[PDB]
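Heads up: the structure comes next, in structure tokens.
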Amino acid sequence: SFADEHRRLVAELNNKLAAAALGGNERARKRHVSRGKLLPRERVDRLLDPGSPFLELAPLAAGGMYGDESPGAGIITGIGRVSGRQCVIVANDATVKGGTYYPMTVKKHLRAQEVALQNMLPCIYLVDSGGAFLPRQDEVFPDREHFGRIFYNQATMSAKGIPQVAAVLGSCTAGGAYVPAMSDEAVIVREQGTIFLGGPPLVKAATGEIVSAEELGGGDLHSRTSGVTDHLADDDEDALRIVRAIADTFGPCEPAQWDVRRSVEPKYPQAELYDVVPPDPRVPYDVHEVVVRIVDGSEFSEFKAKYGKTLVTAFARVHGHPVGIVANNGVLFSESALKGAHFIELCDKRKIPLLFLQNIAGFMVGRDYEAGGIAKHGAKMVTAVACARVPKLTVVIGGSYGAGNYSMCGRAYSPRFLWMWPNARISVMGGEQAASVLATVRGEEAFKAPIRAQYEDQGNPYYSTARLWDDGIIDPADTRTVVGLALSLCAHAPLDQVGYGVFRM
Amino acid sequence: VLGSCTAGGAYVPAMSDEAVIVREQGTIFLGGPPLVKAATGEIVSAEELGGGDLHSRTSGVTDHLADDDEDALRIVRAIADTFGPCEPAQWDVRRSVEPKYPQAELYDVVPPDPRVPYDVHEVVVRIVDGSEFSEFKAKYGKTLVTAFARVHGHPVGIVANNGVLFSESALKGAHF
Amino acid sequence: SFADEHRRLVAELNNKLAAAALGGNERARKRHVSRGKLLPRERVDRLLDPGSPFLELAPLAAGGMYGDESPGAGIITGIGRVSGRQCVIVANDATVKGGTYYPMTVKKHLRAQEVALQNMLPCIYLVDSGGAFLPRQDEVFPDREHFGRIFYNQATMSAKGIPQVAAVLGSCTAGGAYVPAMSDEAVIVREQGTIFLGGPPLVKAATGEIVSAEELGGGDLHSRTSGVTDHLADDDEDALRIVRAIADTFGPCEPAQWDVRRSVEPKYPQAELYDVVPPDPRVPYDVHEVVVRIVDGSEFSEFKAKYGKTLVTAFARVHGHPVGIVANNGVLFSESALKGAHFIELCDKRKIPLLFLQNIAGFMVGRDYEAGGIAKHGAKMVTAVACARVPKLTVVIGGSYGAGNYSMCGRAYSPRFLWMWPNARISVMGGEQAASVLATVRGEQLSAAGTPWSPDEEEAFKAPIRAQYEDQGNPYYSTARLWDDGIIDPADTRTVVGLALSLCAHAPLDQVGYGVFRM
């Protein structure tokens, strides 16, 4: 059954999540904790207000990459409440190769800061990293989206009055020394945390001077003499207590950007989503079955219900927040695109956040469809998506292919968050299509085989999350709560003015 | 659109942000049947030319198809429920206090004939909350009455004629 | 010869302009100057910088109205240079019923102030008015667009830093006393100009006092005692010299809102427009023939030349000013409207003023056209016209009928100026169209009632309808009521537009922003 396959895919997801959450192997975990340190997960947990939810970003980053040397890319990122304030938390997982930055580690750290910027969320960095993965230093160090961008972000966010707070719980070396040094306020654990631009081996090599990490950049040195840190903590727990105290001094938030109501529960259990969405993307279904189950009171007000019926556009609420749902329901026609662009203008003017539910089946193809201007009608929707000032959220519940991705607010359209279901697939086109194209050029089956395989491989949701094309794979049954949680985060970043690029009429 | 909508009037729904139309009742066209006939000789009914089904399924001129008037109004109410945040009140509103007098006493106090003199204080004292007011320049330019008060908890500055206007009355009004 | 007819219409227009420009009859004009006053038009002429052009607004206001007792509505309004500054000038024509305000006089006064506001132009009021036309006081006094709005305008314009300057050259009474009293700076001519809220008859009626106009509110009284005026002038010429000196103290202008180039002449004489445009709006022609002649160097870059061909959209220049020309070239289709909306978006982003050349029968009609969403495509264009932040100018060169008027920036869409050619027509629908449509409905009713009509009777029914639309739709009827700012010689189109664009160039533009586009 549909549900049996969904439950199987979810169990597989949860096993992967549990495994990745452990971090390094049992030996490394033993070594981390031997000296009095808390495990990285424990650190995040003790920082959060009791009972606070934690929206974790990119937990399966680097999955199937680097020979699986770095689960979660050796770093933990998410949003949770600290002294009553929502905060982006970034914790180096020192059990995973000493918390070294692989390329995906950098990408993950940066993604957390991007979320912080867009939602005006304070940043808390729990530092414990041995440095860069040197065999791949070219994918870690030099470019705009590499390690240097971390500090660009800290400084520019600080200038905007978004607090930047660091707690140095372990090693912090070379460029990594700028994490605490460029924080507004920094804590360090005595006889445990160290900070230096030039570490002991480099000191030895450059000068012959032989020096311990502690003598070179220990907690006592920086808190008493240099002034690189602002708080000296007894241990990890005391450091986290101090961070919570810092957070309690954060200034006033911006008001909610829209009116939030009492949440009203849906008339169906969320597990029934397993019954209505076929895991196989070629089985057709009515996406109304999804919409009716995730919204407050199972009530929605459908815009253009009888026009452009392969796209569903509906006003609803999720956990009391107003939302404009844009959901695929077949192949996109010109009418569908016009409908979507109009609907987005309405949400934009009424200040209704947008939620895109992607299940792409391409655009309609043929002489009459191109002659009717399908390219310019699709373009009008892309313009609307790209220029909308309201927060956008994207959940890929089925396929995500080609130009349809762009029209439905894919990753390049900067939705505040983008998630995928475990049945989702994403690629420039389908596997059979790509092989048909590269073969006919070659001719003018054993050639097609590795290509059909490539697209199964690359289009898989775990391949996607590994690279941070999305912020995580989610249980379909958790869609409603994840969206509700995200919308409450997005509610306090000031909205830009309405303004669009030229619409090609 | 609950009935006919024609010529330039078709822009009412077409230039609306969101438009409802009643099936087999509402019609919209820039050019109605007589003009279609006059110009081209085509014989076409209003329904065929611009009915609710046509615009809600084909043209996209409308966004909601209603069963009847009551359904169309239900739909408008639902649209209104999606409207965004209001601006905050521009001044502080208090709890309303009732006047000391019945409003029907205004009938006894104001001469119907505008030529007949009377004291406009008699009007002010009856319409304002608690029958209270703070008169500005009460002893100066007395043919104009200027007073601070409240009506239904809202602050108001009442400017009320009480005779022929003099220079002093006007200076007083400008200041107030 | 289309051109014989155009030349005849222009000769008629120029005769009407010359007559209206005289103001009152020769008796009235003689009385006015018998005691040393300059004539109203002489006053305007002496105020202007030597050689300055004068863009006159609504010179044929009230034509064929009020039994023609108020030529030009008894008021002169226009824009010209005073001490180097472009100013809106409003002068009461005291030779026309003592400068009495008829309803159109008020409307014309208000129109001038609207132009002043929209283009940030100083206002100069040359006051000489005996008051309101009392038999039509209900159309002069009480409503939002009546006499009171003159002073709302003075005050709100003064608050924005738009100078309000008045010169009292004759009578100024009742509410009209607020013209100088609510001016920032006021001149008055000694032993000639008078100002009072209550004139001698009312003083007598109310109190029994017998007092002369001079004693009650003369120049010496207000300039020495009351302080209602700020300058005492010896005569009209002196008062105008003084206004010129006041204008020389005006502060800095805003910078031009777009880049102005060196003007390049067209390749063709403007009089060739007479040969190219059929006087009859029903007769088809290529509107490119107009565009090629009015623009600099006879050059233009046409946008979407091969799409929606019944609407012409082209970028060009007129007197060095960039313009986006939107010109009708047949019946409007969905594609024409989509094209117009797009074109307008571009001009808006690029800060290119729009020029609408109207000759618009209407939209294509029929089931397939309504089913293709012609109403919503038209709507997009109207949204773009209404919301555009660039200045807009409209010239009706042919028909202006129905919803097409709206889509092509009619009077309700606040173009900075709107003019009409002598051959133009404007009405809710075309005359022949109206007769034909109303006959179609009446013919069907007569048939259904069992009394079908003959061809002769149908024709007898159409004749008064055609007469209604000819009478209510011709340029003289339009211009009399200020639906437009004037009827122009088609050969002056380029000059007038070039002048107007120069005026529009110094008012700050709003941000780009549109209402919802119904996709």
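By order in the structure tokens, chains are A, B, ...; within a chain, residues start at 1; ligands start at 1, following the order shown.
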Just need the residues of chain C within 7 Å of chain B, counting only C-alpha atoms, so spit them out as a PyMOL selection string. chain C and resi 365-367+370-373+375-376+379+402-403+436-437+440-441+516+518
Distance filter 7 Å, only C-alpha atoms, chain A against chain C, as a PyMOL selection string: chain A and resi 338-339+342+345+499+502-505
Deliver the residues from the most recent selection as a file, using N, CA, C and O atoms, as an mmCIF file, in the first residue's frame.
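Result saved to part-v4.cif:
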data_model
loop_
_atom_site.group_PDB
_atom_site.id
_atom_site.type_symbol
_atom_site.label_atom_id
_atom_site.label_comp_id
_atom_site.auth_asym_id
_atom_site.auth_seq_id
_atom_site.Cartn_x
_atom_site.Cartn_y
_atom_site.Cartn_z
ATOM 1 N N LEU A 338 -0.571 31.954 -15.080
ATOM 2 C CA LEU A 338 -1.223 33.261 -14.922
ATOM 3 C C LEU A 338 -1.939 33.338 -13.579
ATOM 4 O O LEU A 338 -1.851 34.330 -12.856
ATOM 5 N N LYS A 339 -2.653 32.267 -13.271
ATOM 6 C CA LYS A 339 -3.324 32.089 -11.988
ATOM 7 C C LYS A 339 -2.360 32.228 -10.809
ATOM 8 O O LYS A 339 -2.648 32.930 -9.840
ATOM 9 N N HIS A 342 -0.999 35.869 -10.376
ATOM 10 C CA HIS A 342 -2.056 36.690 -9.791
ATOM 11 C C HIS A 342 -2.171 36.410 -8.299
ATOM 12 O O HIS A 342 -2.145 37.331 -7.480
ATOM 13 N N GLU A 345 0.531 37.964 -6.282
ATOM 14 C CA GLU A 345 0.299 39.408 -6.106
ATOM 15 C C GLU A 345 -0.640 39.679 -4.930
ATOM 16 O O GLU A 345 -0.454 40.650 -4.186
ATOM 17 N N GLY A 499 7.212 45.273 -5.010
ATOM 18 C CA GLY A 499 7.848 45.757 -6.231
ATOM 19 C C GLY A 499 8.248 44.604 -7.125
ATOM 20 O O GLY A 499 8.895 43.657 -6.674
ATOM 21 N N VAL A 502 9.633 43.851 -14.639
ATOM 22 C CA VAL A 502 8.696 43.991 -15.743
ATOM 23 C C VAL A 502 8.000 42.649 -15.979
ATOM 24 O O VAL A 502 8.658 41.609 -16.062
ATOM 25 N N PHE A 503 6.670 42.684 -16.034
ATOM 26 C CA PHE A 503 5.880 41.523 -16.425
ATOM 27 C C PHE A 503 5.755 41.521 -17.945
ATOM 28 O O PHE A 503 5.268 42.493 -18.530
ATOM 29 N N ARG A 504 6.206 40.443 -18.580
ATOM 30 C CA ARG A 504 6.033 40.273 -20.015
ATOM 31 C C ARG A 504 4.576 39.914 -20.293
ATOM 32 O O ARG A 504 4.166 38.764 -20.143
ATOM 33 N N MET A 505 3.801 40.913 -20.693
ATOM 34 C CA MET A 505 2.376 40.730 -20.937
ATOM 35 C C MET A 505 2.128 39.877 -22.180
ATOM 36 O O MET A 505 1.466 38.837 -22.095
#
For the interface of chain A with chain B (cut-off 12 Å, counting only C-alpha atoms), please tabulate each contacting residue of chain A alongside its nearest pair of atoms and their separation in Å to one decimal, rows sorted by chain and increasing number, as a tab-separated table.
residue	atom	partner	partner_atom	distance
A:255	CA	B:85	CA	11.8
A:256	CA	B:85	CA	10.0
A:257	CA	B:85	CA	8.0
A:258	CA	B:85	CA	5.9
A:259	CA	B:85	CA	6.2
A:260	CA	B:85	CA	9.9
A:261	CA	B:81	CA	11.9
A:299	CA	B:78	CA	10.7
A:300	CA	B:78	CA	9.2
A:301	CA	B:78	CA	6.9
A:302	CA	B:64	CA	8.2
A:303	CA	B:63	CA	6.0
A:304	CA	B:63	CA	4.4
A:305	CA	B:64	CA	7.0
A:306	CA	B:57	CA	5.2
A:307	CA	B:57	CA	4.6
A:308	CA	B:57	CA	7.8
A:309	CA	B:57	CA	9.1
A:313	CA	B:63	CA	10.9
A:314	CA	B:82	CA	10.7
A:315	CA	B:82	CA	7.3
A:316	CA	B:82	CA	8.4
A:317	CA	B:82	CA	9.7
A:321	CA	B:82	CA	11.0
A:322	CA	B:82	CA	7.7
A:323	CA	B:82	CA	9.3
A:324	CA	B:82	CA	9.7
A:334	CA	B:60	CA	11.5
A:335	CA	B:60	CA	8.2
A:336	CA	B:60	CA	10.4
A:337	CA	B:60	CA	11.9
A:338	CA	B:60	CA	9.0
A:339	CA	B:60	CA	8.1
A:340	CA	B:60	CA	11.9
A:342	CA	B:17	CA	8.5
A:343	CA	B:18	CA	9.3
A:344	CA	B:17	CA	11.3
A:345	CA	B:17	CA	8.8
A:346	CA	B:17	CA	7.2
A:347	CA	B:82	CA	8.9
A:348	CA	B:84	CA	9.7
A:349	CA	B:84	CA	7.9
A:350	CA	B:84	CA	4.5
A:351	CA	B:84	CA	5.7
A:352	CA	B:84	CA	7.4
A:353	CA	B:84	CA	10.9
A:390	CA	B:84	CA	11.8
Please report, as an MDAnalysis selection string, each residue of range 58-305 of chain C to which DSSP assigns strand (DSSP E or B) when run on this structure's backbone. chainID C and resid 75:82 85:92 101 123:127 132 164:168 173 185:189 194 196 218 231:233 301:303
Nearest to residue 400 in chain C by atom-to-atom distance, counting only C-alpha atoms, from C:455, C:475, C:84, C:415: C:475
What's around residue 178 in chain C at 10 Å? Count only C-alpha atoms, leave out sequence neighbours fewer than 2 positions away in its own chain, and write the answer as a VMD selection string. chain C and resid 148 150 to 151 154 172 to 176 180 to 183 195 to 197 228
Writing out the chosen residues with N, CA and C atoms as a compact mmCIF listing (two decimals), in the first residue's frame:
# COMPACT_ATOMS: atom_id res chain seq x y z
N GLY C 148 -14.93 77.50 -3.26
CA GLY C 148 -14.15 77.26 -2.05
C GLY C 148 -12.83 76.52 -2.26
N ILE C 150 -10.70 76.91 -4.54
CA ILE C 150 -9.64 77.84 -4.94
C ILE C 150 -8.71 78.13 -3.77
N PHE C 151 -9.29 78.28 -2.58
CA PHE C 151 -8.54 78.67 -1.39
C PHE C 151 -7.94 77.47 -0.67
N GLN C 154 -4.88 77.22 -2.86
CA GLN C 154 -3.88 78.24 -2.52
C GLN C 154 -3.08 77.84 -1.28
N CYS C 172 -12.59 93.06 -5.94
CA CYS C 172 -12.26 91.84 -5.24
C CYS C 172 -13.17 91.82 -4.02
N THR C 173 -14.14 90.92 -4.01
CA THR C 173 -15.24 91.03 -3.06
C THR C 173 -15.73 89.68 -2.56
N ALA C 174 -16.33 89.69 -1.37
CA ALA C 174 -16.86 88.48 -0.74
C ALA C 174 -15.76 87.43 -0.59
N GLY C 175 -16.06 86.17 -0.90
CA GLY C 175 -15.06 85.10 -0.87
C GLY C 175 -13.85 85.37 -1.75
N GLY C 176 -14.05 86.11 -2.83
CA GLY C 176 -12.96 86.52 -3.72
C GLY C 176 -11.87 87.35 -3.04
N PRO C 180 -6.33 87.48 -2.63
CA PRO C 180 -5.15 88.20 -2.12
C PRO C 180 -4.84 87.93 -0.65
N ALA C 181 -5.87 87.76 0.18
CA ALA C 181 -5.65 87.58 1.63
C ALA C 181 -4.95 86.26 1.94
N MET C 182 -5.21 85.23 1.14
CA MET C 182 -4.52 83.95 1.27
C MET C 182 -3.37 83.76 0.29
N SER C 183 -2.93 84.85 -0.34
CA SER C 183 -1.69 84.83 -1.09
C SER C 183 -0.52 85.06 -0.15
N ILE C 195 -10.58 95.62 -2.03
CA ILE C 195 -10.77 94.32 -1.39
C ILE C 195 -11.70 94.48 -0.19
N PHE C 196 -12.76 93.68 -0.14
CA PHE C 196 -13.59 93.58 1.06
C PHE C 196 -14.37 92.27 1.10
N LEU C 197 -14.52 91.71 2.30
CA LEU C 197 -15.37 90.53 2.50
C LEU C 197 -16.84 90.91 2.35
N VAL C 228 -3.57 93.82 4.64
CA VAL C 228 -4.11 92.79 3.77
C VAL C 228 -3.25 92.68 2.50
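Distances from C:171, C:495, C:310, C:83 to residue 192 in chain C were compared using only C-alpha atoms, and the smallest one belongs to C:171.
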Rounded to one decimal in Å, what is the spacing between CA of residue 453 in chain A and CA of residue 357 in chain A? 26.7 Å
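Take CA of residue 40 in chain C and CA of residue 497 in chain C: the distance between them is 26.4 Å.
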re CA of residue 76 in chain C and CA of residue 166 in chain C: distance 14.6 Å
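Take the candidates C:116, C:186, C:127, C:424 and check each one against residue 156 in chain C using only C-alpha atoms; the shortest distance goes to C:116.
Near residue 101 in chain A, within 7 Å and counting only C-alpha atoms, sit residues 106, 131, 132 and 133 of chain A; same-chain residues fewer than 5 positions away were not included.
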Preceding selection exported with C-alpha atoms as a PDB file, in the first residue's frame:
ATOM      1  CA  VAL A 106      31.397  25.460   5.535  1.00  0.00           C
ATOM      2  CA  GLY A 131      40.399  23.474  11.305  1.00  0.00           C
ATOM      3  CA  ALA A 132      39.968  22.872   7.572  1.00  0.00           C
ATOM      4  CA  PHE A 133      40.104  19.543   5.730  1.00  0.00           C
TER       5      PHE A 133
END
